[PDB]
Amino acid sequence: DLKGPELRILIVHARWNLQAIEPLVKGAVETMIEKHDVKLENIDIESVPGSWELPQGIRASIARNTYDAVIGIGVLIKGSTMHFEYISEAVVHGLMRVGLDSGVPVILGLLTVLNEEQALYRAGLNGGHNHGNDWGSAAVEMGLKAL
């Protein structure tokens, strides 16, 4: 039972596919507060237009304030072009780079799905499990293991 009452957590989420995003953020937040004793005031929630802006939004923010862990949340859905494949690959490498450059743990809350249904399912709707909960716990653990 890892508890982190003094942890400061940053959550940056995109706004594309908001119906999937919200449940995810909510799940992450609730899990941190109700199961890890993270204080609501210690959780900054910011947003960016799309998943492409995620790495950049996170970099800008951890350069201004101090956080123990960050969760980047976005939802990319495969469309008719190759856009999905290239953005996904670039965003994932980007998130990894910002975390390794900064030394701050960056939790991956990015869904790269084939359709809307797959995303809602992983957001806890239609019988699925909310992955945001798993992300919230990972943030806490990684924040503590960094001291």
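Numbering starts at 1 and runs along the sequence shown.
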TODO: Between 105-113 and 34-42, name whichever shows the higher mean Cα B factor according to the PDB entry.
DONE: 34-42
Open item on the list: When the Cα temperature factors in the entry are averaged, is it 89-97 or 55-63 that ends up higher?
Closed with: 55-63
- [ ] Just say lowest, middle or highest third for the CA B-factor of residue 14 relative to the other modelled residues in its chain.
- [x] lowest
Task: B-factor third for the C-alpha atom of residue 127 within its chain - done: highest
